There are 8 protein chains.
Amino acid sequence: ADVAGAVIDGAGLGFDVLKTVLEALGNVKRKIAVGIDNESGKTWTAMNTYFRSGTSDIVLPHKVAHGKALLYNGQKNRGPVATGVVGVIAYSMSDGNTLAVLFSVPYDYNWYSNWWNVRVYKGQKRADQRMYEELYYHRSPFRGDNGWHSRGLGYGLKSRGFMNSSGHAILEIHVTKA
Amino acid sequence: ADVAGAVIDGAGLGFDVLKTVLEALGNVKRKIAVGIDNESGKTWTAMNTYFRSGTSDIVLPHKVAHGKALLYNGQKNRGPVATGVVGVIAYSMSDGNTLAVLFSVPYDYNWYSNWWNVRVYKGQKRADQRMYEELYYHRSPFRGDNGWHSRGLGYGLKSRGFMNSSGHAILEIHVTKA
Amino acid sequence: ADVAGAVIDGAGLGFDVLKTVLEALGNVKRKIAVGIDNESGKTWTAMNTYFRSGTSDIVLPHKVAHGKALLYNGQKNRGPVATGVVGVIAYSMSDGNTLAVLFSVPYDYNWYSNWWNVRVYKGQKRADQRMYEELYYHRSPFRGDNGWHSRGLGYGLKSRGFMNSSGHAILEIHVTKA
Amino acid sequence: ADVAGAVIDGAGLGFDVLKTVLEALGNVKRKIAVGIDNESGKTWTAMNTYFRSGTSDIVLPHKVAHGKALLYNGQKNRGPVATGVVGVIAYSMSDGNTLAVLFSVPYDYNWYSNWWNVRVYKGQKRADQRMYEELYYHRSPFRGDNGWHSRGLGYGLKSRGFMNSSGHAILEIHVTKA
Amino acid sequence: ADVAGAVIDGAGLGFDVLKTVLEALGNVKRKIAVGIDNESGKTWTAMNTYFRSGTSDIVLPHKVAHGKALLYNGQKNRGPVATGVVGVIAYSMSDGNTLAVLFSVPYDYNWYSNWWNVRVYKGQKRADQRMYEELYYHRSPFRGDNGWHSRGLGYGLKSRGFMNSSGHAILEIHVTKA
Amino acid sequence: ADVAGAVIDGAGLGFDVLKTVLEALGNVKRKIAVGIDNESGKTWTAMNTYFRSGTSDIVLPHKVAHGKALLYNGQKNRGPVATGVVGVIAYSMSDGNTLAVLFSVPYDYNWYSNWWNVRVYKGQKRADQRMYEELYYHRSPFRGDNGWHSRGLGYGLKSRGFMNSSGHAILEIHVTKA
Amino acid sequence: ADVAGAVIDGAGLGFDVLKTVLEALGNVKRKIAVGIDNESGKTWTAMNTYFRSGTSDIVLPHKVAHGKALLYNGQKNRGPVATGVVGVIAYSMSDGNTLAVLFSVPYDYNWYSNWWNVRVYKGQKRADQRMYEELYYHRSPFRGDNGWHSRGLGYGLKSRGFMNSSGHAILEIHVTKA
Amino acid sequence: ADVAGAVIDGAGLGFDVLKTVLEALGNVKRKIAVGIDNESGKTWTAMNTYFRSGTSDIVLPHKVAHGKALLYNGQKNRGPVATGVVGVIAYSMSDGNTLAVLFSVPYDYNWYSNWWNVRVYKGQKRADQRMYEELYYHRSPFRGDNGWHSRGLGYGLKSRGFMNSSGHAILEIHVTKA
């Protein structure tokens, strides 16, 4: 019929529009490269990385000795999903405390920005949703604003970090004795 | 006729939709890379790898001496099938016991997660569906949550492992004397 | 006419469907890589490879001395045919007996699996359909199940082999003195 | 209907036009490469880079010693947005003052040109919107007109710089003792 | 008209079908690689290669000394023709006799197989249709069945050859003193 | 409607024509490579390059010592604009005078040709529109006619240059003591 | 109109058919590679190559000394023309005579074959149409039949040559003292 | 309307035909490579190259010393124009005379052939249209007929040259003392 033919043409147009929209959604790239230098005078032992958003394809390096650096990366989930890569990295230190690092590379830059944070926790604490919420909402995170930021960590330690503002994020932190 | 022409147009649209759906289903990647370090003090002899889901394209290495590592990988079946790569690797140890390792990289992440497990069985036991069910449902598997996990294996052995959370899974285990 | 135009549209749709189906049938890959180690203490002289299904593009190596290995491969027939690569390799040994090796990589995995077998025949026997049927139906073949299998061959010889379960099959056999 | 078919055809034409327009808007390239030579006799420590428009994918180098150079680059935001890369780089100098550098590579060359500026601020001042507005509107910026420009900076320093006029901008500055 | 439009549509469909058929016919590959080892104790001088089907792109090597090998190849005619590569290679030997070698790689494997033959002719005889017919129909050719075959040639010589069964044919012969 | 359908077909045809025309306009290449040898006995210091048409992607080299050469290039603006690359290069000399070099590579060769000129100005004069007009209209420029041209520059200097006639222009000038 | 629309559809179909036919005609390859060894004891000086059909892209080597070889090639005319590469090569010898070599690689193998000829002419004679006709029709040319042919040339010289039968022709000739 | 729809279809067909015709016209290649060996005993200084048709992308080398060679090339104008590359190269010699070389590689081989000429002019004469007309119409040019040609130049010089007959023309000349 003429009605049926119009329906098929409309459905074909909708199919092409849907394919284009899904391809566009799936081509957004959000990834994070993390580099942390250990000058704290103690060895770091990896515990876990809690991903609020996104995932990683590699192993979190088990040991970071003093004078060495941590290399890690992650990215958003494969496919046409509108989420970024957000998470916290937790490392156990020889003193018995935990070094926690937040990163946040959002999908939607109309509402969100890049954020990062560094904090030392007393005792051995694995990264989870509660730790991420603390570091993102209550512990004064740093904006990924192409700037350098310094802050004392307590426990005779201090941090100095940098994060850019684009969706190809890179986070670089130096942990040194205060 | 006009009815016949509409039928042919609808069939053509359905053909295009089916081709796109099959291509999307067949482009999902689920693979596992396994690396196990042998520091147990004994030689491991391969028995078999039971695949609940998926397959492998390579040989399970026959021997893993003390101080050496096991390299192995697998992936989901070729084609537009909605299954992952799930299985158990069994190795015979010089003491007469079996080292069994579980991996699970599901196709559908709406309902499933990455899981892994390590266990030592008394005697020589080949990997099968029963062993997989034990390791996956009853022996407290570890989640592939980008975290490090440790557990005593018995028989004077202990394990320490890591697995990420993405569909390009990597599993790394260290078996050492306890 | 309107009837004639509908016929031409239907024939064009059928032509596209046929092209897609033939391309899909022709893209299925079934191949076998065979590696056999000779530690039997005697020299192997190639007789023939009987292909129940499929073919090979290379020469069957004429001699395999003790301490050396056989490299051979085959694959299914070119084109959109729904057959695999199935055959038996026969080598003459210095004692006057025949070493026969079965491989089977089927096209349809809904009904068939990978199979392999190793057997020593008295006298010089070339691989044919009867030998293939013996090795596949009556001599207890091993499943290509990503596992290691051992069996005494008689005549002071033993075999140990491995075959994976995918359509990119690899078969590895070690023939040693018992 | 005939009205409905016309609507679907018009919508398809509009869809093609929209795709072409978005692809054209997204193919415009605006990037800046900055190189600043330090011959001032003092060490420069990076503070931040404020981006009025655009972003960067790399780290602002933390230190620039005397006799060394600064390498930095940026570009406009990914996607079909009609903005360029505009910003200010601020470095802290050993005397306690700030070296501020402006770059401006606009999207729309019908109305804007390439601009740059160099200025020394008393005290440690991070780059922000106010600093950018000062350098761009009130401190006599130099045009990116493929010409060399020199100006005394005060504090016993002078600058000499060059910037081309295209959308693949390169800015080169030499800061020397006056 | 409506009749004329239907004719043009049918002709276009037939044109597409014809292009697909010709492309399929022209993508069939039939080639032969010949290697003959000379251990006869005499020098071979090339006479000619008669091609019943197909052709060659290279020169038939003029001399093959004792302890050396002959390299030669051929293939079916370019274009969408349904013929293979079939022919006879004739070499003159130092004793005044002719070494004749048959190869046959058919286009249609529904009806034909790979065949080869080796024979020594008294006197100097150039390869022609009669020689090909003798070798193919009356001199008991060997099947290209992935097997090794041996036969005494007379004149104190013997041959041992191998040919696979696929359209990428390879023929390997060793001519030695009997 | 039938009128509305015709309008949409006409608009689609016009869209395709516009895309082809814009692509053709944007594929015209006009670029200039400038090489000037300094044998004048004095050092050249770059002032600026005034572009009447086109732009450059590189830095104008700040110094050209005696016995060295100047490498510079430019090209027309990116996109489907119908303009070439036309400009004047000005260098300050050690004697206090200015060496000015004109190049002109037009977009439209139906009306314009390649032109170049070399002149020495008294005092330090930056290249601008007035200098370009002098060199192009009033100072007898040389045609880019694949020929060599010589002219005394005054101030004890002479020039010898060459320019080809194509849209991939190259200008080579030697400035020597007269 | 309906008549006018049918005419436009027919013209479009004819346009596609013409494009396919021209592309097919232009994809036929006919080329010749000539190699001639000079063992005549005298130096060869090139005169010319007369092309009855086709052309060459290279220089005919001016000198061929004794103990050296001639490398030359040609091919059919570019474009969809149905002609091959046919010609005669003429070289002047130190004795005052001309060495003439014919080659013929036709476009249409339904009616023509590959032919070649070698002849020595008294005096210095340049290759032309008459010489080509002599060598092709009256001087008993050799068929390019994948065979070796020998013939005395007179003047204390003899020739031995080979030519294959395909459209990628190669001609190899050895001119030696008789 | 039906008339308007037919007009739009005819215009679209004409657009496709025009695009194909322009692409075909623009794919014709006509280029010349010139190599002249200087054994005249004097230095050659480049004057210019007058292009009757076509252009060059490189510099005419300023000096050619005795015992050296001239490398030069040219080609037809970019775009779908039906012209070749035709011109004259003029070099000033140490004796005060001019060496003039003609090349002509036409676009239309239905009516024109490759031509070349070499001549020595008394005094210093730049190549122009009159010189080209002399060399092409009145000074007996040589055909680019894949042959070697020699001619005394006067002034104690002689020339020997070669030019092929295809659109990828190469001209090689040797100028030696007579």
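All values below come from the heavy atoms of this structure, side chains included, with hydrogens, waters and symmetry mates left out. Numbers restart at 1 for each chain; the letters A, B, ... are given by sequence-line order, proteins then strands.
In this structure, the side chain of C:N146 does not engage the main chain of C:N164 through any donor-acceptor pair within 3.5 Å. A donor-acceptor pair under 3.5 Å is absent between the side-chain atoms of C:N97 and the main chain of C:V120, judged by distance alone. Judged by distance alone, the side chain of B:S94 and the main-chain N or O of B:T43 form a donor-acceptor pair under 3.5 Å. For B:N77 (side chain) and B:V81 (main-chain N/O), no donor-acceptor pair under 3.5 Å exists by modelled atom type. Checking side-chain atoms of E:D108 against main-chain N and O of E:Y112 turns up no donor-acceptor pair under 3.5 Å.
Because its NZ or CZ atom is not both nearer than 6.0 Å to the ring centre of C:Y136 and within 45° of the ring axis, C:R139 does not count as a cation-pi partner of that residue. A cation-pi arrangement is present between C:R119 and C:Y121, with the terminal nitrogen or guanidinium carbon under 6.0 Å from the aromatic centre and inside a 45° cone about the axis.
Atom OG of B:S140 and atom CG of B:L135 lie 10.5 Å apart (nearest 0.5 Å). For the atom pair NE2 (E:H174) and CZ (E:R160), the distance works out to 4.5 Å, reported to the nearest 0.5 Å. If you take NZ on C:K177 and CD on C:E39, they are separated by 8.5 Å, rounding to the nearest 0.5 Å. If you take NZ on C:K76 and OG1 on C:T83, they are separated by 5.0 Å, rounding to the nearest 0.5 Å. Interatomic distance, CD1 of E:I36 versus CG of E:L71, reported as 10.0 Å (0.5 Å rounding). Expressed to the nearest 0.5 Å, how far OG of B:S104 lies from CZ of B:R52 amounts to 8.5 Å.
The two residues B:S40 and B:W44 have their closest heavy-atom pair at OG-NE1, 3.2 Å. Across every non-hydrogen atom of B:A90 and B:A127, the tightest pair is CB-N, 3.7 Å. Of all the heavy atoms in C:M131 and C:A100, the pair that sits closest is SD-CB, 3.7 Å. In terms of heavy-atom proximity, C:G147 sits nearest to B:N48 at CA-CB, 3.5 Å. Minimum interatomic distance between B:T55 and C:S165 (heavy atoms only, all atoms of both residues): OG1-OG, 2.8 Å. Nearest heavy atom pair, residue C:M163 against residue C:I32, reads CE-CD1, 4.0 Å.
Exactly one residue among B:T49, B:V101, B:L60 makes a side chain to side chain contact (heavy atoms under 4.5 Å, CB included) with B:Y91. That residue is B:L60.
Under a cut-off of 6.0 angstrom, the local environment of NZ in B:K68 is sparse, with at most 12 non-hydrogen atoms contributed by other residues, nucleotides or ligands.
Taking the six-membered ring where the residue is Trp, C:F142 and C:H149 present parallel rings, their angle staying beneath 30° rather than reaching 60°. Below 30°, between 30° and 60°, or above 60°: for C:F51 and C:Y72 the angle between ring planes is between 30° and 60°, a tilted geometry.
By the side-chain contact (heavy atoms from CB on, under 4.5 Å) test, E:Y109 is found to be paired with E:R30, E:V105, E:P106, E:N114, residues two or more places apart in sequence or in another chain being considered.
Within the 4.5 Å cutoff, side-chain heavy atoms of B:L157 are placed close to those of B:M93. Considering only heavy atoms from C-beta on, C:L25 comes within 4.5 Å of C:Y107 through its side chain.
Salt-bridge check for B:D57 with B:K31: failed, with every basic side-chain N at 4.0 Å or more from each acidic carboxylate O. Note on C:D95 versus C:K122: no salt bridge recorded, every NZ/NE/NH1/NH2 to OD/OE distance being 4.0 Å or above. We find that C:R130 and C:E134 are joined by a salt bridge, their nearest charged nitrogen and carboxylate oxygen being less than 4.0 Å apart.
Between C:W116 and C:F103, the distance separating the two ring centers is not shorter than 6.0 angstrom.
No side-chain donor-acceptor contact under 3.5 Å links C:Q124 and C:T98. B:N27 and A:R78 form no side-chain donor-acceptor contact under 3.5 Å, judged by distance and modelled atom types alone.
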